[PDB]
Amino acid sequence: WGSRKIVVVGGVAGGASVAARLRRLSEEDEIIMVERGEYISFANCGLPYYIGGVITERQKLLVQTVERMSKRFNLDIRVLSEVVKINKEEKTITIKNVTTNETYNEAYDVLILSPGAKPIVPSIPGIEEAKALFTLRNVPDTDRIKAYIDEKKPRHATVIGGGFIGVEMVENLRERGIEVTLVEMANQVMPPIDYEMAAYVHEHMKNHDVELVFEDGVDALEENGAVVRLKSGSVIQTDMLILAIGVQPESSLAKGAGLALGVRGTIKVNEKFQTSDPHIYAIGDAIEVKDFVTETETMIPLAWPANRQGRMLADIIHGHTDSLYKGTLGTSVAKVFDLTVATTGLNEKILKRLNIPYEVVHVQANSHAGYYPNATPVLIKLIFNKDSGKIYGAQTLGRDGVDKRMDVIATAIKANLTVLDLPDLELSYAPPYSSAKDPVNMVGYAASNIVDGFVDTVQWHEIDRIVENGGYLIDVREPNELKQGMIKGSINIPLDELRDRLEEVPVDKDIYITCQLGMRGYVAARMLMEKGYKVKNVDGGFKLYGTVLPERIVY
């Protein structure tokens, strides 16, 4: 191969990963990495934890130092340097040294854009006057927020936006002993998960004394940001504000060079990360990707994709194209106090938006064998095609073993496995780690029973209307479990008595079954179907129902 001059814009997830592999592929290339901030390869993801005091050493946030990385990979690394213009027909970029104010042109053979995404700053009246309002992207942002806490001693904080980052900021502020109110315009935290799953998360957040405000936004900031006026008319008195309402692609360099843009102003790229200009590539948060599951054009700002893209791009530049980017699955995970919450693929809200017919199952299973100490429930929601078994997505929550289960399912999806394959994943079993049938196997069996037609089901959001319309709902729990509550219109026939009490089951009504988790309701469903009854099981049983619709519980 012939040596070229390769210029990388942005020195973090995408830029650093491509630069390092590029060097490993060639000792002769000139490789220049231009970064407007002071630091390269900092741990963006660690920022909230440094604020919370969980990460105690600021220096641990520096994954690579400029000195170390330039020497190791013979990189010309230029921090405090802003690319202000791309000149594509000239094949140069214009760079401003932020320290010295000198500007100059840098010629390139290949230009790689990884400039990321910037926080969305809303036009709220009084936002300019808001003294203690912060966004979180970089190290200076982090220093500033931490300095304010340490020096001004806020007693209450308001977080605007309940995405994965707003939520992590909620936790870390609580960790500092700051009282927290979270304001969300949606009816749930964490857009990636569905409403009934968020119901569990809300419970855990409120149990750690977080005030949750839903279906409300900031209408105005008054008193220099000390008074937050909500759209509804309610008021929050606060000592500081964290804005976490999402991100927008840093595509202004592309727009300025007349490069094609994708959805939501992302930089548009082809299969090889090439922009509309043959010599300019782009990766990371700023680019348009296809989602793995539907191959729909989207924007998914995550670290694994940025790193994977940068890594693959280096190979592609060197003509190693046997493997091209397959799209982004959207596997994500967050710590929420004592809970782990994970997601992959698509949720119900997106699939409805795309007019894609699906089914769901919710299966709660222990992190490991119940007979071994400290087992804890893991809840898996699996979304799939009733006909093909194609997995559209999954969501998981629980105190332990959640990341493991998400990773296996995410692995299965990318390997083009269907729900019918999940029960056949031979996973690691010993008492401290799993059960002879893992939670993943278990959710696979439940989904397979729907695919195979062994069970017909209704959802938590369907059951009440079904009962109003004349559905006969049999609760198969033991009588003592009913003290936890019940679904309105339930008639109690304990599962273990059911086979003896069939005469009590009407053959002139459509039968619906619930238990606590769905498992015993399924067994009852199987029995009744084999006896020639038309029957459906309430997916997730009462435990799920009561979490998402607590106000409808009958005692």
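All residue numbers refer to positions in the sequence shown, first residue = 1.
Higher average CA B factor: 62-70, of the stretches 23-31 and 62-70. Annotation for 385-393 versus 124-132: the higher mean temperature factor (C-alpha) is found in 124-132.
The entry lists C-alpha B-factors for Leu422, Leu113, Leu351, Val363, and the highest of these is at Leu351. Among the modelled residues of its chain, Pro305 has a C-alpha B-factor that falls in the lowest third, as given in the PDB entry.
When the CA B factors of the chain's modelled residues are split into thirds, the value for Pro249 lands in the middle one. In the deposited entry, the Cα temperature factor of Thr514 sits in the bottom third of values across the chain's modelled residues. When the CA B factors of the chain's modelled residues are split into thirds, the value for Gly258 lands in the middle one. Looking at the C-alpha B-factors along this chain, the one for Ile493 belongs to the middle third.
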